[PDB]
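A look at the structure
Listed here are the chains, written in short residue letters.
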Amino acid sequence: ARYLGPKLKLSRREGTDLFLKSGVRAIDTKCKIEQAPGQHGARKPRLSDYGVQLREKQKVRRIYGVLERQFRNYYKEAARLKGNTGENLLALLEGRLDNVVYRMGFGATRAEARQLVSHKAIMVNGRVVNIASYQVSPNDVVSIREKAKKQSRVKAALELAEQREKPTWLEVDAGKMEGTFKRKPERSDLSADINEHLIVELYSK
Amino acid sequence: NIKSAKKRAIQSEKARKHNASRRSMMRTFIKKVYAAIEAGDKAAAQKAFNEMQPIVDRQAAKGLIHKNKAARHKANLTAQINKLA
Amino acid sequence: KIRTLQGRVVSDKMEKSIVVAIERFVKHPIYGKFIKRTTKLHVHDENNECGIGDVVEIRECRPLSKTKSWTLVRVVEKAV
Amino acid sequence: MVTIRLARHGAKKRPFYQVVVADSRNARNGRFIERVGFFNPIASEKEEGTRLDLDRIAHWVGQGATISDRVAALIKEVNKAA
RNA sequence: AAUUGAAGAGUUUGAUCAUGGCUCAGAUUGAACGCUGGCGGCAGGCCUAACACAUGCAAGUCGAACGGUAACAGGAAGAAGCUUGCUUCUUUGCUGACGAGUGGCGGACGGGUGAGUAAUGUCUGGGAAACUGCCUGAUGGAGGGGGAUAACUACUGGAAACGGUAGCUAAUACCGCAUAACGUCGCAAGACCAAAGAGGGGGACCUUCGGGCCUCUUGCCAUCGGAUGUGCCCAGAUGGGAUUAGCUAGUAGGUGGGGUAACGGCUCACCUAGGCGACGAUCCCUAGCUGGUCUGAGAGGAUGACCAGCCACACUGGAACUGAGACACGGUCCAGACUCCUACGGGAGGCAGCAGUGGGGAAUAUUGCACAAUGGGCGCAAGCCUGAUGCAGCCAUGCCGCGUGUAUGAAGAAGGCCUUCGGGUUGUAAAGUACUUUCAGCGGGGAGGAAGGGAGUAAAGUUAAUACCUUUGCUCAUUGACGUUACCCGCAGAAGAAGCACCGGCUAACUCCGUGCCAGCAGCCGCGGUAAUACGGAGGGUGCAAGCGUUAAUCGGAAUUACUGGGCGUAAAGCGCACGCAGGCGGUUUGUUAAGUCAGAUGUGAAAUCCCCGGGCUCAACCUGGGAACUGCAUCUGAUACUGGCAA
C-alpha cells in the first residue's frame, strides 16, 4: 500500500514542501530543494497542460499519503455529494482520521501520526478505532489510549505543534490529550496553495 | 428405479385396472342411451337414461369423473331424448 | 361500462363473420412522428348486417373460433 | 397454503430475516404475495431489532394462513406493555 | 433531499484549410495468460461437449390408519442353574418400540441446465368460459352392511431380474343399500348422487369382564364461500435477412354431434369459399425472455453470468397412467443409440441434483461438516428426513480495508552511474541512534447467531369431573455445524512481508554503453544505414500497487447511421425526365366532436438493484429502514388552443 521510500524526493518533484518530515528545523537544506528531483534535475521540462493537471493531483495525493484507487473513490463521493465538488474533495481528505490527529498535534508527520492510529493507540468517542481512513463527523471527540499515552513521542510532537498554524476548526486541549472535531474545514482554511479544480479537471479527462 | 417409493408404482397400476373397469362400465351405459336414440326408441331410451344416471353420478362422487363431465353427459342426452319425441 | 373500439369493415364474405381494421394513432419510439397503425380483427356478427366499408363498433367476448374473440355492438355510418 | 415465514437475507454470519407472506410451495427467498415486516436478530441492544405490521398479518390469518414458529414468536414478543 | 452534467490527440501535404477513414488516452468483464505475491472482509467461480459417466449421497414419513412380530429393550410366567433370593434359559405382542407388508400424504416442491423456441414463449395492460390437495369461514351429514386382497404359511419356475399355483386375514383400502339438500339434470313436475373412523381420560351404570356409556381433541362426507396455485383468450411490444413474394385445405367460416375442468376446428361430418400478406405473410439464419447489468452528459448502443420472476428441458424419440396438480429429473411403458451383467433363455442402467472422474478447452473449485438457524415433506406431537439451506476447503477472479514500520540522521560514507574530471546524482536514502507492535506468530479470556422444545407447577377454559386436553405464567435441566468464532488482553522482537509496466510524439517520466537497415521494436506515426532519449543492458525517473501488464470482448471518444445530432454544385451522394396509386403533408372562417394533445384522479408498474436521507458492521466494500424512481399501460373525470373527424 503505502510509499515506504524517500519522502523528500516526492517534495522535490513537486517543488514545494509537502510537510512530509517533522521539521525540528526549517528547510533541512540537506536535500537540495528546488534544484533537482533526479539526475536530470537541472533539465526543467515544458510541463504540458496534462502534466500540470497530473502534478497537482500527485501533490495532494502525496500530502495525505493515499493511493489512486482510494483517491478516485474520494473524488467519486465528492462529485455525488451536494455542493462544490472542489472543496468537497478537500473536506473528505481533511476528514481522514490520520489527518485530524496530525492537525491536533499528536503526530509530527502524517506517516508518524498514521503509525499511532494504526497501532491500536487512538480512540474516537470512547471507542478504539484502528484504521487511518476513518471519516470523522462533526462534534466527535478523539482521545488517546492510556497504554500508549505517556509515549515518548506523542507529547514530543505537541511542543513542536504550536508553530503548526493552529487549525481553528477543531479545539485541542493537549494537556488531557483530547480534542473534538467541531465542524468541517472550509476552503478558506486549507493552505491557500492547492488548485483543487485541476484535480476535478483531470478526472473528467 | 432404486427408491423406496416404487411402492407407488405398483399402487398406481392396481388403481389403473380398478379405474379402467369403472370407466368402461360408466360409458357403456352411455352407449345404451346413444344406441337407443338412434333407433327411434322413445320409451326404451328413457328407461336406459334412468339406469346410467345413478351410474354416471356415483362415479363423479368417487373422483373418477369431475362432476362437470357427469353433468355434461346428462345435459346433452336429455337434450337428445326430448328432440326425438 | 364496457371497453369498446371503433373500426371499419375490410371484408364480409365469410358466413356470419366480418373482419374489421382499427386505426390507432401511435407515436414512434425513436423519431417522434405519429404513425397510423392497423389492428385488423376478426369480429363476430349474427345475421350479416354489415356490407363492405362501414364503421362497426365492437367489444371483446369469449373465444368463438380460432381468431374470433370480438362481437358487434352497433353500426354507425352505414355504407352507401 | 399461504405461510408467514422468514426469508433469510443479509450477508454471511449477519442474517436479516424479512417477515414475508409466501406460498408454502415456493422457495425460501422465492416468490411471495406480500412482505409484512422484518426481523434483525443481530441488532443487539442498540435501538431497533424487529418490526411487524400486525394489522396486515391479522388480515391474512383471517383469510386462512399458517404462521411459522418464529413469526408466532415475534407476535408474542411484541407484548401488551412491551 | 432524490442527481451538479458533455475535453481531445496522432496520421493524407512542400506547406494549408476542408473532407474522410484508421489509431490512441476512458470505463467495464463469470475473464484468460505472463511476471510477482502479506493479511482480512464480502462476493464470484465449466462461458467450450445439452459430451460420456466409476463411487457415495440428493425423499421420505406415519403404529394416534391396519394385520402384525423379523430384530431391539424390558415386563410377566415357565423352568432350573445356583449369589437361597441371584442366575442361565422356554413361552407371551403383554408393553416400549419396529424390519417387511397394506393404506394415507408427499414424491409435480426444493435443486439443475439453457438444448429447443422468433412466438403454442416473454413483458405490459385488459378479459371470461375454468379448475383447485393441504389452509380457512359457514351450514349440515356421519346410518346400515357386504365381498376381497398383500403380509403370512405350503409348493414351485428362473442364473438373476422377476414370478406361478393353493390356502388364510384386517383397515380411514374396495363396493352396495339407506339417507339427503339452497347440489346435478330438467321450463317445471320430478329423477339422482356421499362418507371413516381412531386417540387421551372418566364418575355412576350394563360390564358376555375386551368393552358399551360420558366428555374432549382429531379425522371423514356434501354444498356454498374466501385465500392460493394453475388452465384459457385478446391488444400492443419483444432479433436479422426481400439476392425469401405470395402462403394456406381443417385451411377460413357456418351448422350439428362428440370431447375438455373450461371457451374454441379441440375433433368429426356436411355446407359456404374463404383466411393471412408489402403495417413483411411464408421461408431461411440466429436466439431462452424479463426485472436488470455494462457504457454514455443524455438519447442511445451492447448485453441477459450471479440474485429474483416466467418459460422450456431431464440418455434420444413417442406415449399415456396415477393424482387436486405431471403427459412426471432421482415413476411407468414403447422404440433407438450406448454401457454392463448372464448359466445365452433373458435382464439392468440414465449426474443439465451435490461432490467427483475422463474428455474438450485459453480457462473455472472439496469425492468436506451440520440439521444449530431458516425453510420444506410427514406426524397430534416427540421426532425423523433434507447435497434446499447454514457454514467450512480451494482460487489475487472482482470490489473494499490494512500492513510491509516511525522519527532523527551529512563523514552529503562506501558502492553504482554520469561528468566539462571541477563535481553532480543515487541520497536522509542506507548505516548509526531513539521509539512503536497494527497484521501475521505464541498464550489467556470471550459475545452474538437460541427462538424454542422437554419436565414440573399454578391459573383460566372445557366437561358430570380438581381426570384428560387446550391456553397463559413461573421454576428446573438443557439444544451451535461454524468454532482452539468475531472481539478483547498479554509476551517477544523493525523482527514475518514489493512488485510490475513504462520513460521519441501521442503520454507523466533521460542519459551512458553495446549492436550498425543486423539483432530487434511497434497501438498508430514509424525507429535501426556508426555518436539511436524509439533496439538490448546499466544507472536514474515516472506511473500504479498486492498487484501489474498483455490478449480477448463491449460501449465511449465516433456528430464516423446524426431522434437528440450529419450530409448530397466540385470531396461519397439528386433517379435521364415525366405522370400517377397506396403513403406522408395541407390555405381560410364558423359550428360540432373529444380521437391525437394536456391536466387531475384511480388501479397497476413484484422484490432486489440504481438514486436520496438514515441505520448496522472499528471505517469501507457489504447489509438494511423509509422515500424517490419504475419515462409505461389501462379506466374515469375535465380542458378545446393546435392537429384529426364531421357539417356548412
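About the cut-offs
Each chain carries its own residue count, beginning from 1 and running in the order its sequence is written; this scheme need not agree with the entry numbering, and residues with no coordinates do not appear. For naming, the first written chain is A and the first written ligand is 1, with later ones following in the order written. Every figure given here refers to the displayed chains, which form just one part of a larger assembly. Water and hydrogen atoms were dropped before computing side-chain values, which therefore reflect all heavy atoms in the structure. UniProt positions are given in the numbering used here, feature names are shortened, and annotations may be inferred rather than shown by experiment. In short, DSSP must find at least two bridges between two strands for them to pair. Strands are runs of DSSP state E lasting at least 2 residues, helices are runs of H or I lasting at least 4, and numbering of each runs from the N terminus. Any residue with at least one heavy atom within 4 Å of a molecule or strand is counted as near it. Polar contacts, as counted here, are pairs of nitrogen or oxygen atoms within 3.5 Å of one another; within protein the pair requires one atom able to donate a hydrogen and one able to accept it, and residues that are adjacent in sequence qualify only if both atoms are side-chain atoms. As a working rule, the residues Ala, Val, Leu, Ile, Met, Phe, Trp, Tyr, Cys and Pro are called nonpolar, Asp, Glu, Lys and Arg charged, and the rest polar, with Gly in that last group. The buried label applies to any residue whose accessible area, calculated with a 1.4 Å probe on protein chains only, is under 20% of its type's maximum; exposed applies above 50%, and partly exposed to all values in between.

Per the PDB record, this model was obtained through cryo-EM at a reported resolution of 2.86 Å.

As recorded in the PDB entry, chain C goes by the name 30S ribosomal protein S17, listed as coming from Escherichia coli. What the PDB entry is called, per its title line, is "Cryo-EM structure of an Escherichia coli 70S ribosome in complex with antibiotic TetracenomycinX". UniProt, in the comment section headed Subunit (literature references left out), describes chain C in these words: "Part of the 30S ribosomal subunit." Here is the UniProt Sequence similarities comment for chain C, exactly as written: "Belongs to the universal ribosomal protein uS17 family."

If you check the PDB entry, chain A appears there as 30S ribosomal protein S4 from Escherichia coli. Under the UniProt heading Sequence similarities, the note attached to chain A is "Belongs to the universal ribosomal protein uS4 family."

Notes on the sheet that holds strand β5 (residues 179-181) of chain A
Taken together, the five strands give an open sheet; going across it, the order is β2-β1-β3-β5-β4 (chain A), and neighbouring strands pair in antiparallel fashion. Of all strands in the sheet, those with a lone pairing partner are β2 (127-128) and β4 (170-172) of chain A, marking the two edges.

Thoughts on the protein's contact with RNA strand E
Among the 164 residues in the neighbourhood of RNA strand E, the closest are listed as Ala1(A), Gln151(A), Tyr34(B), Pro63(C) and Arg25(D). The sugar-phosphate portion of RNA strand E accounts for 81% of its atoms within 4 Å of the protein, the bases making up the rest. Taking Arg23(B), its side chain carries an N or O atom lying 2.7 Å from a phosphate oxygen of RNA strand E. One of the backbone N or O atoms of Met14(C) is found 2.5 Å from a sugar or linking oxygen in RNA strand E. In terms of residue count, helix α1 (residues 7-28) of chain B provides more of the surface near RNA strand E than any other element does, twelve residues in total. Taken together, the residues of the surface near RNA strand E break down into 47 nonpolar, 49 polar and 68 charged.

Some details on the environment of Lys76(A)
Residue and element names in this part refer to chain A. Turning to its location among the elements, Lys 76 is positioned in helix α3 (residues 68-80). What makes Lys 76 partly exposed here is its relative accessible area of 46%. A sequence separation of 33 residues divides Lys 76 from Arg 43, and the C-alpha atoms of the two residues are 36 Å apart.

Some remarks on unusual backbone geometry
All names here are of chain A. The phi dihedral of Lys 32 is positive, around 60°, even though this residue is not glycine. Locating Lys 32 in the fold gives a position in the loop between α1 (9-14) and α2 (49-64). For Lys 166, which is not a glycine, the phi torsion comes out positive at approximately 55°. With respect to the secondary-structure elements, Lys 166 resides in the loop between β3 (140-144) and β4.

Details of the pairing of strand β3 (residues 34-39) of chain D
Strand residues, when the strand is regular, have side chains that alternate between the two faces of the sheet. Residues and elements named next belong to chain D. Relative to β3, strand β2 (residues 14-23) runs antiparallel, the two being bridged by five bridges. Looking at β3, one finds that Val 19 is bridged to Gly 37. Summarising the sheet, β3 and strand β4 (residues 50-52) pair through three bridges and their orientation is antiparallel. Bridge assignment links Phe 39 to a residue of β4, and that residue is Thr 50.

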